[PDB]
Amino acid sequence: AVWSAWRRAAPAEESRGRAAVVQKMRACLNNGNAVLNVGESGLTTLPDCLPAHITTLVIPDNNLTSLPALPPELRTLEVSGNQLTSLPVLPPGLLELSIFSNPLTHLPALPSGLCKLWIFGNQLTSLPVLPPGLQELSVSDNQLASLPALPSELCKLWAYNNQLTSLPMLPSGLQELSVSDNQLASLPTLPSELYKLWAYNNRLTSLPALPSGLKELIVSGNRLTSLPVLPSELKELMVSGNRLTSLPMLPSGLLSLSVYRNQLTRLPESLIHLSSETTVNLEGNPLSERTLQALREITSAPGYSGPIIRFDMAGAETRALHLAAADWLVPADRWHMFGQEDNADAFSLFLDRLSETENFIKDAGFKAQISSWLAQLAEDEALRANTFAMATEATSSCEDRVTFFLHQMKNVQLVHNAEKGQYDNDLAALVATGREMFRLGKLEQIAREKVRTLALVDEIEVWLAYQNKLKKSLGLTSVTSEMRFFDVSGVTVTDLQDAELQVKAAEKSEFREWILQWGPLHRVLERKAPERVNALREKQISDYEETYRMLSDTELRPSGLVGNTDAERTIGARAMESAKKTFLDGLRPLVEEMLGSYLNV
């Protein structure tokens, strides 16, 4: 009767959904079922009475603006995405309150027996007084400037991505503290049972004494000038992006050590005693010469059984893009407008860094080659966008990382040119670019393989060393002449000799088939022979479907297996490969006609 009035007040598209909710409510009233879940039905209103014995009420994603008075025996309320801007009075016996993804800015009075308060992801600007027996407070992704006094019984406090500048005193049994992405200038004294402390991206300059049983400490992106003694059971130490000048003794059981972008000049000796599975990232620290020497000595020894150690040579401002660009261009107007395009800063920073590289120092031609490239960039908005985006690193590291990213930008440019049509009437240029891409791809795999063999590694130096040292012998036109830190790459003369041999052997064996799968070649074929290539693509699709069905009929059906999602994955995969191989068969003659006279040495 209240429910009938409600069901009939329905916008027409909600009429069936409202009938479904009335059916559920009737079910509660008629069988004593004390759980009501109103479903996802695009509800814009709920009826004014809900069944009165309901103890769990679940409100999924709907378009609700208001909730009715709540069933007096309610123990659990759970509300998903809606447009609630407030909540009704909460029933005295409520135990758990969840609300997610509502524009809600404030909560009503909280019942004294509440135990779980899961109110993350709303718009809350304040909290009510918290009941003393509250056990979990989850209030991340809101708009809170502060938290109220914390109940004595709390075990978990999550409040990351708010605007907190301090925390209240912490309850003695707190086990979990997760308050990252705030503006905390400090932490208060840390409770004894705390096993997890996540406070990344705050404004901490020191840490309180650490609890004996602390297992995780993640405080990267702070302003820490030191860490206190680490407790012996710590497993995770993530303190990157701070101002640390040294580290404490490292607990033997540490499973991750992330200390990149600090100011470390020395390493604890305990680092070498860490387990062989522990992850270690030391990049972007001014490690002394001897420190790095001693490291190479220890990790290179036979029988070394410590961690794999990632390092670099970076050690421990953004002009207007047009200023950065004017420094390179031969006689920049255009670069004013480019300054406002997406990632333009990243690229501005990149260009400033490029003037401090070994190529700049040693190759008098370098300014002019960068100028030609900047000029090509100015005429191609697509390329320019991709290039600017790529600058997002190289700025993360040393001179060689910048140089490496220059090589990657130049690779992008060659593929782009091929894809666009620059070489449709210069097919020897098209084939040359293909060979260069084939060789670079092979170097990437060779460098990845060499990286796996190294216990002390700078993976970018490794990959760069191969590009740089094989530029001449492999005709890598997109690669520059100079690099600074080859001595620390770990790449030997024998390594380079073997990579030359492997790539030349592979190209001889694989290239003619490899170029059939090369994407820019497809772009060129589709331009020169649009009807034949479209026909081949349409056939590739049909062949898959027809081959699927035949494999299903001939192999799955007699088993098995026609419902079986695993067997159907196996034949689907087989039908793609089959159809692919047929597709490349129809491409091959087309490539042979267009390119055969270009594919001799």
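Start at 1 with the first residue shown and count on from there.
Q: Enter the number of deposited residues without atomic coordinates between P331 and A332, binned as none, 1 to 3, 4 to 9, or 10 or more.
A: In the record, 4 to 9 residues between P331 and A332 lack coordinates.
Q: How much of the deposited sequence is absent from the coordinates between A316 and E317: none, 1 to 3, 4 to 9, or 10 or more residues?
A: Missing residues, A316 to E317: 4 to 9.
Q: Please compare 82-90 with 217-225 and say which has the higher mean C-alpha temperature factor in the record.
A: The entry gives the higher C-alpha B-factor average to 82-90.
Q: Would 208-216 or 383-391 have the larger average of its C-alpha temperature factors, as given in the entry?
A: Of 383-391 and 208-216, the stretch with the higher C-alpha B-factor average is 383-391.
Q: Going by the deposited entry, which of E461, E283, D181, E526 has the highest CA temperature factor?
A: In this record, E526 carries the highest C-alpha B-factor of the candidates.
Q: Going by the deposited entry, which of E482, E236, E436, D342 has the highest CA temperature factor?
A: Of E482, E236, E436, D342, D342 has the highest C-alpha B-factor.
Q: Against its chain's modelled residues, does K508's Cα B factor rank lowest, middle or highest third?
A: Answer is highest: the recorded C-alpha B-factor places it there.
Q: Grab the CA temperature factor for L323 from the record and place it in the lowest, middle or highest third of its chain.
A: Top third by C-alpha B-factor.
Q: Lowest, middle or highest third: where is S276 by Cα B-factor in its chain?
A: Middle third.
Q: Based on the entry's values, in what third of the chain does the Cα temperature factor of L377 lie: lowest, middle or highest?
A: Within its chain, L377 is a highest-third residue by C-alpha B-factor, going by the deposited values.
Q: By the recorded C-alpha temperature factor, relative to the other modelled residues in its chain, which third is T547 in?
A: Lowest third, going by the recorded CA B-factors of the chain.
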